[PDB]
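Down below is the structure, laid out as structure tokens.
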Amino acid sequence: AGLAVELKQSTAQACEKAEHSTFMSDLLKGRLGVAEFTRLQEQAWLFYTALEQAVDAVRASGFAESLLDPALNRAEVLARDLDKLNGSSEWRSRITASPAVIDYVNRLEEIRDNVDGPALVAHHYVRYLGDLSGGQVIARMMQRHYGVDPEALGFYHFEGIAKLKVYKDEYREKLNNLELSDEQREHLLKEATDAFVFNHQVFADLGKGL
Ligand code: COH
């Protein structure tokens with residue numbers, strides 16, 4: 001009863017486990033630096049590119065159109081942040097995908113090629129709402145601990161979204177307003193737990209140096 005609530009309760013466990021990753025613990029508690037965080041955003045640009053391709057394909061099908069806000073696009077802003085973070089655009093000629101990111105990218109392409117709307121909304125919820133929530137905390141700890149230029153953190157700032165609290169409330173309303181069959185609803189709820197597992201292994205690779 002209530003998709004936004006049912007999503008938040010089903011993934012509440014994995015969400016708490018997502019803040020406890022070894023890489024993300026060291027990163028926010030001041031133990032790493034600008035270099036390791038730049039590695040995070042380089043993997044992010046890889047699967048955020050594959051995600052928004054799936055978003056574009058699902059949006060063109062007319063599924064969850066109001067939810068797939070283009071103002072949430074992160075790939076270009078990441079490319080603009082990686083230019084500053086690397087001090088040069090020559091990161092594009094040497095990006096590498098850790099195994100878990102490749103596994104994350106393959107699934108997002110699978111959702112794209114199947115135009116799997118409900119599975120897309122699951123990944124859309126897990127990444128973007130995390131960006132609009134924990135990403136605000138991650139962005140602050142980057143400035144506080146490492147003095148990163150606030151303009152190399154544009155990934156965590158949404159220029160189309162002034163009131164983040166209002167928008168996150170508006171986002172959950174569109175989640176509750178989605179017209180999903182019981183088959184679609186379970187498929188979405190399962191992929192959401194899958195989406196957290198995909199991210200968890202991305203951060204396990206980062207902490208392992210893969
Ligand atoms: C340092 C804190 C921190 C970290 C590292 C973090 C890391 C991640 C992460 C990395 C793997 C992912 C995929 C997410 C994904 C999410 N986070 Co956070 N989150 C964090 C603090 C929060 C906070 C605070 C909220 C607000 C709601 C809540 O339940 O706490 C949050 C909410 C979310 C939501 C929305 C829940 C809802 O309202 O339905 C998603 C999705 N997330 N988060």
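Residue names in the structure tokens use chain letters A, B, ... in the order shown, residue numbers from 1 in each chain, and ligand numbers from 1 in the order shown.
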
* Residues within 6 Å of ligand 1 should be enumerated using only C-alpha atoms and all ligand atoms and returned as a ChimeraX atom specification. => /A:4,7-8,15,18-19,125-127,129-130,133-134,137,196,199-200

Show me, as a PDB file with N, CA and C atoms, in the first residue's frame, the residues that have an atom within 8 Å of region 84-92 of chain A when counting only C-alpha atoms, minus same-chain residues fewer than 2 positions from it.
ATOM      1  N   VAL A  34      41.005  13.360  -2.809  1.00  0.00           N
ATOM      2  CA  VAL A  34      40.421  13.760  -4.083  1.00  0.00           C
ATOM      3  C   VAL A  34      40.660  12.700  -5.149  1.00  0.00           C
ATOM      4  N   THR A  38      37.673  10.952  -7.232  1.00  0.00           N
ATOM      5  CA  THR A  38      37.640  11.079  -8.684  1.00  0.00           C
ATOM      6  C   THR A  38      37.459   9.722  -9.354  1.00  0.00           C
ATOM      7  N   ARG A  80      31.611  17.288 -16.938  1.00  0.00           N
ATOM      8  CA  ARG A  80      32.123  18.610 -16.595  1.00  0.00           C
ATOM      9  C   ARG A  80      32.848  18.597 -15.255  1.00  0.00           C
ATOM     10  N   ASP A  81      32.415  17.749 -14.317  1.00  0.00           N
ATOM     11  CA  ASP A  81      33.120  17.646 -13.043  1.00  0.00           C
ATOM     12  C   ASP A  81      34.435  16.894 -13.197  1.00  0.00           C
ATOM     13  N   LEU A  82      34.449  15.842 -14.020  1.00  0.00           N
ATOM     14  CA  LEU A  82      35.679  15.080 -14.211  1.00  0.00           C
ATOM     15  C   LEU A  82      36.744  15.901 -14.926  1.00  0.00           C
ATOM     16  N   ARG A  94      41.070   7.267 -21.208  1.00  0.00           N
ATOM     17  CA  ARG A  94      41.681   6.243 -20.365  1.00  0.00           C
ATOM     18  C   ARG A  94      40.734   5.700 -19.295  1.00  0.00           C
ATOM     19  N   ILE A  95      39.430   5.969 -19.376  1.00  0.00           N
ATOM     20  CA  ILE A  95      38.505   5.430 -18.387  1.00  0.00           C
ATOM     21  C   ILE A  95      38.492   3.912 -18.467  1.00  0.00           C
ATOM     22  N   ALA A 152      33.547  21.561  -8.888  1.00  0.00           N
ATOM     23  CA  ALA A 152      33.836  20.193  -9.277  1.00  0.00           C
ATOM     24  C   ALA A 152      32.919  19.199  -8.579  1.00  0.00           C
TER      25      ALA A 152
END

Using only C-alpha atoms, what table do you get, as JSON lines, when you list each residue of region 47-90 of chain A with an atom no more than 9 Å from region 102-113 of chain A, its nearest pair of atoms, and their distance in Å rounded to one decimal, rows by chain then rising number?
{"residue": "A:47", "atom": "CA", "partner": "A:105", "partner_atom": "CA", "distance": 5.3}
{"residue": "A:48", "atom": "CA", "partner": "A:105", "partner_atom": "CA", "distance": 8.6}
{"residue": "A:49", "atom": "CA", "partner": "A:105", "partner_atom": "CA", "distance": 8.7}
{"residue": "A:50", "atom": "CA", "partner": "A:105", "partner_atom": "CA", "distance": 5.8}
{"residue": "A:51", "atom": "CA", "partner": "A:108", "partner_atom": "CA", "distance": 5.6}
{"residue": "A:52", "atom": "CA", "partner": "A:108", "partner_atom": "CA", "distance": 8.8}
{"residue": "A:53", "atom": "CA", "partner": "A:112", "partner_atom": "CA", "distance": 6.6}
{"residue": "A:54", "atom": "CA", "partner": "A:112", "partner_atom": "CA", "distance": 4.0}
{"residue": "A:55", "atom": "CA", "partner": "A:112", "partner_atom": "CA", "distance": 7.5}
{"residue": "A:56", "atom": "CA", "partner": "A:112", "partner_atom": "CA", "distance": 8.3}
{"residue": "A:57", "atom": "CA", "partner": "A:112", "partner_atom": "CA", "distance": 6.0}
{"residue": "A:58", "atom": "CA", "partner": "A:112", "partner_atom": "CA", "distance": 7.1}

Write the residues you've just listed into a file as a PDB file, in the first residue's frame, and include N, CA and C atoms for each of them.
ATOM      1  N   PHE A  47      28.273   4.139 -15.488  1.00  0.00           N
ATOM      2  CA  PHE A  47      26.945   3.553 -15.361  1.00  0.00           C
ATOM      3  C   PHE A  47      25.836   4.600 -15.376  1.00  0.00           C
ATOM      4  N   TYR A  48      26.140   5.864 -15.071  1.00  0.00           N
ATOM      5  CA  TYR A  48      25.135   6.904 -15.270  1.00  0.00           C
ATOM      6  C   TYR A  48      24.888   7.157 -16.750  1.00  0.00           C
ATOM      7  N   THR A  49      25.897   6.936 -17.595  1.00  0.00           N
ATOM      8  CA  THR A  49      25.675   6.991 -19.036  1.00  0.00           C
ATOM      9  C   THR A  49      24.752   5.863 -19.483  1.00  0.00           C
ATOM     10  N   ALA A  50      25.017   4.640 -19.016  1.00  0.00           N
ATOM     11  CA  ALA A  50      24.179   3.504 -19.388  1.00  0.00           C
ATOM     12  C   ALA A  50      22.776   3.618 -18.805  1.00  0.00           C
ATOM     13  N   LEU A  51      22.640   4.237 -17.629  1.00  0.00           N
ATOM     14  CA  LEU A  51      21.324   4.387 -17.016  1.00  0.00           C
ATOM     15  C   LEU A  51      20.448   5.337 -17.818  1.00  0.00           C
ATOM     16  N   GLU A  52      20.973   6.520 -18.135  1.00  0.00           N
ATOM     17  CA  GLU A  52      20.174   7.535 -18.806  1.00  0.00           C
ATOM     18  C   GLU A  52      19.879   7.176 -20.256  1.00  0.00           C
ATOM     19  N   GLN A  53      20.649   6.265 -20.852  1.00  0.00           N
ATOM     20  CA  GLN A  53      20.223   5.668 -22.114  1.00  0.00           C
ATOM     21  C   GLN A  53      18.950   4.856 -21.918  1.00  0.00           C
ATOM     22  N   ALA A  54      18.888   4.079 -20.835  1.00  0.00           N
ATOM     23  CA  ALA A  54      17.677   3.326 -20.529  1.00  0.00           C
ATOM     24  C   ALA A  54      16.529   4.257 -20.162  1.00  0.00           C
ATOM     25  N   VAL A  55      16.832   5.365 -19.481  1.00  0.00           N
ATOM     26  CA  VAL A  55      15.802   6.352 -19.167  1.00  0.00           C
ATOM     27  C   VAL A  55      15.241   6.957 -20.448  1.00  0.00           C
ATOM     28  N   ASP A  56      16.124   7.309 -21.388  1.00  0.00           N
ATOM     29  CA  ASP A  56      15.669   7.881 -22.653  1.00  0.00           C
ATOM     30  C   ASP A  56      14.809   6.893 -23.429  1.00  0.00           C
ATOM     31  N   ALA A  57      15.200   5.618 -23.439  1.00  0.00           N
ATOM     32  CA  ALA A  57      14.441   4.619 -24.183  1.00  0.00           C
ATOM     33  C   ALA A  57      13.078   4.371 -23.547  1.00  0.00           C
ATOM     34  N   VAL A  58      13.019   4.330 -22.214  1.00  0.00           N
ATOM     35  CA  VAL A  58      11.741   4.123 -21.539  1.00  0.00           C
ATOM     36  C   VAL A  58      10.865   5.365 -21.656  1.00  0.00           C
TER      37      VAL A  58
END

* Which residues, written as a ChimeraX atom specification, have at least one atom at most 12 Å from region 153-155 of chain A, with only C-alpha atoms counted and residues fewer than 5 positions away on the same chain left out? -> /A:34,37-38,40-42,44-45,48,71-85,127-128,130-132,135-143,146-148

Output of the above residues as a short mmCIF file (atom, residue, chain, number, x, y, z; two decimals), in the first residue's frame, restricted to N, CA and C atoms:
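Just written: out_0.cif:
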data_model
loop_
_atom_site.label_atom_id
_atom_site.label_comp_id
_atom_site.auth_asym_id
_atom_site.auth_seq_id
_atom_site.Cartn_x
_atom_site.Cartn_y
_atom_site.Cartn_z
N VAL A 34 41.00 13.36 -2.81
CA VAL A 34 40.42 13.76 -4.08
C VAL A 34 40.66 12.70 -5.15
N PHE A 37 38.06 9.78 -4.72
CA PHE A 37 36.73 10.29 -5.07
C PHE A 37 36.60 10.52 -6.57
N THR A 38 37.67 10.95 -7.23
CA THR A 38 37.64 11.08 -8.68
C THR A 38 37.46 9.72 -9.35
N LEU A 40 35.69 7.35 -8.04
CA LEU A 40 34.27 7.07 -7.85
C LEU A 40 33.44 7.72 -8.95
N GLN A 41 33.71 8.99 -9.25
CA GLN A 41 32.94 9.70 -10.26
C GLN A 41 33.22 9.19 -11.67
N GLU A 42 34.38 8.58 -11.90
CA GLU A 42 34.66 8.01 -13.22
C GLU A 42 33.85 6.75 -13.45
N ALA A 44 31.04 6.29 -11.85
CA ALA A 44 29.69 6.85 -11.88
C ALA A 44 29.32 7.30 -13.29
N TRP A 45 30.21 8.04 -13.94
CA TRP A 45 29.95 8.49 -15.31
C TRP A 45 29.69 7.31 -16.24
N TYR A 48 26.14 5.86 -15.07
CA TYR A 48 25.14 6.90 -15.27
C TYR A 48 24.89 7.16 -16.75
N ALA A 71 15.77 17.01 -16.03
CA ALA A 71 16.57 17.82 -15.12
C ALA A 71 17.36 16.98 -14.13
N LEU A 72 17.15 15.66 -14.13
CA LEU A 72 17.92 14.76 -13.29
C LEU A 72 19.15 14.20 -13.99
N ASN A 73 19.33 14.48 -15.28
CA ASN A 73 20.46 13.93 -16.02
C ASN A 73 21.78 14.32 -15.37
N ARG A 74 22.67 13.34 -15.20
CA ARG A 74 23.92 13.53 -14.49
C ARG A 74 25.17 13.28 -15.32
N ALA A 75 25.05 12.64 -16.49
CA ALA A 75 26.24 12.21 -17.22
C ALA A 75 27.06 13.39 -17.72
N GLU A 76 26.40 14.39 -18.31
CA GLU A 76 27.13 15.55 -18.82
C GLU A 76 27.74 16.35 -17.68
N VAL A 77 26.99 16.56 -16.60
CA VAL A 77 27.52 17.29 -15.45
C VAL A 77 28.70 16.55 -14.84
N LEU A 78 28.64 15.21 -14.84
CA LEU A 78 29.78 14.42 -14.39
C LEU A 78 30.99 14.65 -15.28
N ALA A 79 30.78 14.64 -16.60
CA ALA A 79 31.87 14.93 -17.52
C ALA A 79 32.46 16.31 -17.27
N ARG A 80 31.61 17.29 -16.94
CA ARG A 80 32.12 18.61 -16.59
C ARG A 80 32.85 18.60 -15.26
N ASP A 81 32.41 17.75 -14.32
CA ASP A 81 33.12 17.65 -13.04
C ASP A 81 34.43 16.89 -13.20
N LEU A 82 34.45 15.84 -14.02
CA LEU A 82 35.68 15.08 -14.21
C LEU A 82 36.74 15.90 -14.93
N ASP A 83 36.34 16.85 -15.77
CA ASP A 83 37.30 17.76 -16.37
C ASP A 83 38.04 18.56 -15.30
N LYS A 84 37.29 19.08 -14.32
CA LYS A 84 37.90 19.84 -13.24
C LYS A 84 38.65 18.94 -12.28
N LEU A 85 38.06 17.78 -11.94
CA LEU A 85 38.69 16.88 -10.98
C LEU A 85 40.01 16.34 -11.50
N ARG A 127 19.27 5.55 -7.72
CA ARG A 127 20.38 6.46 -7.95
C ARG A 127 19.99 7.91 -7.66
N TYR A 128 18.92 8.39 -8.30
CA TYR A 128 18.63 9.82 -8.26
C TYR A 128 18.14 10.28 -6.89
N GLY A 130 18.98 8.85 -4.10
CA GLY A 130 20.20 8.86 -3.30
C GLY A 130 21.04 10.10 -3.55
N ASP A 131 21.12 10.53 -4.81
CA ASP A 131 21.82 11.77 -5.14
C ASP A 131 21.17 12.96 -4.47
N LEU A 132 19.84 13.02 -4.51
CA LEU A 132 19.09 14.09 -3.87
C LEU A 132 19.06 13.98 -2.35
N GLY A 135 23.74 12.05 -1.37
CA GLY A 135 24.68 12.82 -2.16
C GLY A 135 24.91 14.22 -1.64
N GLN A 136 23.88 14.82 -1.04
CA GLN A 136 24.06 16.12 -0.40
C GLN A 136 25.03 16.01 0.77
N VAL A 137 24.98 14.89 1.49
CA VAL A 137 25.93 14.67 2.58
C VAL A 137 27.31 14.34 2.03
N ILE A 138 27.37 13.53 0.97
CA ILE A 138 28.66 13.20 0.36
C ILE A 138 29.31 14.46 -0.19
N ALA A 139 28.52 15.35 -0.80
CA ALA A 139 29.08 16.58 -1.36
C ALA A 139 29.68 17.46 -0.27
N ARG A 140 29.01 17.54 0.88
CA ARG A 140 29.52 18.37 1.97
C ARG A 140 30.83 17.81 2.52
N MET A 141 30.88 16.50 2.75
CA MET A 141 32.09 15.91 3.32
C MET A 141 33.27 16.01 2.37
N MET A 142 33.01 16.12 1.06
CA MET A 142 34.09 16.35 0.11
C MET A 142 34.72 17.72 0.33
N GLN A 143 33.89 18.75 0.51
CA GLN A 143 34.41 20.09 0.75
C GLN A 143 35.06 20.19 2.12
N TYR A 146 38.36 17.63 2.19
CA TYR A 146 39.36 17.66 1.13
C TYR A 146 39.43 18.98 0.38
N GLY A 147 38.62 19.98 0.75
CA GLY A 147 38.68 21.27 0.10
C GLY A 147 38.44 21.23 -1.40
N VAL A 148 37.66 20.26 -1.88
CA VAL A 148 37.37 20.18 -3.31
C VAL A 148 36.58 21.41 -3.73
#

* Asked: Would you give me, as a count of residues only, the residues in chain A that DSSP reads as helix (DSSP H, G or I)?
  -> 156

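Across the structure, CA of residue 150 (chain A) and CA of residue 169 (chain A) are spaced 25.8 Å apart.
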
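Atom pair CA of residue 123 (chain A) / CA of residue 151 (chain A) has a distance of 26.3 Å (rounded to one decimal).
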
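Reported to one decimal place, the separation of CA of residue 69 (chain A) from CA of residue 117 (chain A) is 14.3 Å.
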
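Among A:22, A:176, A:96, A:193, the residue with the shortest atom-to-atom distance to residue 206 (chain A), counting only C-alpha atoms, is A:22.
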
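Residues lying within 10 Å of residue 179 (chain A), counting only C-alpha atoms and ignoring same-chain neighbours fewer than 4 positions away, are residues 63, 64, 174, 175, 184 and 185 of chain A.
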